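Structure, as structure tokens:
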Amino acid sequence: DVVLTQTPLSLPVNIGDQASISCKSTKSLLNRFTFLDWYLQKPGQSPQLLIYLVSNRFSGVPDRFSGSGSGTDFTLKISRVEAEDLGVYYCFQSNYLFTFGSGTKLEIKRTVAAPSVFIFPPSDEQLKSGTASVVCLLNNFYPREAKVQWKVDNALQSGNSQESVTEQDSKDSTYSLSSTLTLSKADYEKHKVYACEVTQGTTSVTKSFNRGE
Amino acid sequence: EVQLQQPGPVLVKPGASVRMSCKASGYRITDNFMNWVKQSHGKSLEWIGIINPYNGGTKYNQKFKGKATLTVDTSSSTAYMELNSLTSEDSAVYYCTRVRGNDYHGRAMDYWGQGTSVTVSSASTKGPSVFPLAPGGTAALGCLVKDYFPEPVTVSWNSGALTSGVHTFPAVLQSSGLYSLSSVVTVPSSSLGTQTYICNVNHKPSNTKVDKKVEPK
Amino acid sequence: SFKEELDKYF
């Protein structure tokens, strides 16, 4: 198979800045007509066509998006990047066995924003079922890197929590994150203070609650 | 307008076969080629094959010959892909696409279906349990959606009237082999006593919908 | 070549 090597695979850009993705092919895509396309997949949508025939803008696509190149070397440029341009960009060839590049994740780099942190005790409904889930929410923060630790009566927990993180928000360019601590009801009622500690850079924020209060 | 209509997510057993469909609307299916594309874990895109709906003629990515078979029913303007000998490696989103044609159109894929998300698993369907995540002038509340199978659940708030500030997290697979997720929303603290907040949880694989009013404790 | 097979096919 022809390989489409994209560089970079991760592409942080300021809003208003220029973004450039290279797509290099192991074999010339000239057909005589060069079949090289660019597709975009925004979070939670289907892929969509941006550029066909190396440089032709598909309908409804703004002219900030431009394609260029020949033979084996190709470039997609976004002149002035907007918040809503985030997603994964793919080159795609159809001169040989149709192949895609690995995809380039365009992320919006922005100013640091500390999370608003919330802790949720298990609901009484769940406790009547014999399990207890404690949830810590980190809302609208940047950058995405953050460490979340659970402490139960000041004992650091390990192995009993899972986290998940949203895609970058198309409006404000932030992330949000949840961490969920799972205990048995029997274990949950053995302890008093439940706390989630969120550390970013030189700052830790701990939110807590006292069981039965 | 042109539309490619694919069924929503399906759960199928390992070792079985599955036939998925793509109904073309707003154009004549025989006027354009069709590509099928596999997307694994929302990341890697992979061409499966191409069909000519006027001829029935097909061309396949080598890795998928013997695995996928493309066919069309022109009288019902529907394309089909059948996958045989299913394994967990076949869990993916399958897209049907319209191909503009040769030369000036670039063989490009100009219209895409919404995709069929296939889960290959021997585990049984199980509807979710829904628990309230109860509440500088900003309060957070939500719904914990626990112990369901297969994906997905969708969540709205106040029947879709409440959208700003909503975060529905990607599901996590628990050590039990069942999925869990939460959906949260941030609202003005001062709205808690007067506005009602209901999370609407839909799990189509189990034909279950749950509506849950989240009240302050 | 598979390129020519697609040219004919298209």
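Both backbone and side-chain heavy atoms feed into the values below; hydrogens, waters and symmetry mates do not. Chain identifiers are assigned alphabetically (A, B, ...) following the order of the sequence lines, protein sequences preceding nucleic acid strands; residue numbering begins at 1 within each chain.
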Name the region of [X], side chain, backbone, both or neither, that has any atom closer than 4.5 Å to a heavy atom of chain A.
X: B:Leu45; answer: both
X: B:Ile48; answer: neither
X: B:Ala140; answer: both
X: B:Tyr95; answer: side chain
X: B:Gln62; answer: both
X: B:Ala171; answer: neither
X: B:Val93; answer: neither

* When B:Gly106, B:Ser180, B:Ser175 are compared by non-hydrogen pairs under 4.5 Å with chain A, the top option ->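 If we count pairs closer than 4.5 Å to chain A, B:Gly106 comes out on top.
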
* Asked: Among B:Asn35, B:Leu181, B:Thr138, who wins on heavy-atom pairs under 4.5 Å with chain A?
  ->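 Highest number of heavy-atom pairs under 4.5 Å: B:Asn35.
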
Contact class of [X] relative to chain B, heavy atoms under 4.5 angstrom:
X: A:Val135; result: side chain
X: A:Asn56; result: neither
X: A:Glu163; result: backbone
X: A:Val54; result: neither
X: A:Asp172; result: neither

When the ring planes of [X] and [Y] are compared, do they come out parallel, tilted or perpendicular, using 30° and 60° as the limits?
X: A:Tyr52; Y: A:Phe58; value: perpendicular
X: A:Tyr175; Y: A:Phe141; value: tilted
X: A:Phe120; Y: A:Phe118; value: parallel

Counting heavy-atom pairs closer than 4.5 Å to chain B, which one of [options] comes out on top?
options: A:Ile51, A:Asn95, A:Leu177, A:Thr182; result: A:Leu177
options: A:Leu36, A:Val165, A:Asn31, A:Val88; result: A:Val165
options: A:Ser178, A:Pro121, A:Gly103; result: A:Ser178
options: A:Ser46, A:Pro47, A:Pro122, A:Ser176; result: A:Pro47

* Asked: Under the side chain to side chain contact (heavy atoms under 4.5 Å, CB included) criterion, do B:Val72 and B:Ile51 qualify, and how do the steps go?
  -> CA-CA 8 Å; B:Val72 317; B:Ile51 181 139; 3.6 Å; yes

* How far apart are the C-alpha atoms of B:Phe169 and A:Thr166, what are their side-chain angles, what is the distance that settles it, and do they pass the side chain to side chain contact (heavy atoms under 4.5 Å, CB included) test? -> CA-CA 6 Å; B:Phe169 291 90; A:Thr166 61; 3.8 Å; yes

* **Sole candidate of B:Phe64, B:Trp47, B:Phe33 that passes ring pair (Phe, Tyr, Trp, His ring centres under 6.0 Å) when paired with A:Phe98** =>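 Passing option: B:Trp47.
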
* **A:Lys42 with A:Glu84: basic N within carboxylate O range, under 4.0 Å** =>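 Judged by the 4.0 Å cut-off on N to carboxylate O distance, A:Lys42 and A:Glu84 do not form a salt bridge.
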
* Asked: Does the pair A:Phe92 and A:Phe35 meet the rule for a ring pair (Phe, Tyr, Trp, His ring centres under 6.0 Å), with working shown?
  -> CA-CA 8 Å; A:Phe92 165 84; A:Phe35 296 126; over 10 Å; no

* **Aromatic A:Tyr194 / basic A:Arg211 pairing, under 6.0 angstrom, 45° off normal** =>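 Not flagged: A:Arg211 not positioned over aromatic ring of A:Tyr194.
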
* **Worked verdict on B:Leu83 versus B:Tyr94 for side chain to side chain contact (heavy atoms under 4.5 Å, CB included)** => CA-CA 11 Å; B:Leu83 307 175; B:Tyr94 294 91; 3.6 Å; yes

* Derivation of the salt bridge (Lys or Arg N to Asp or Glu O under 4.0 Å) call for B:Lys217 and A:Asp124 -> CA-CA 10 Å; B:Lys217 47 182 307 283; A:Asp124 288 341; over 6 Å; no

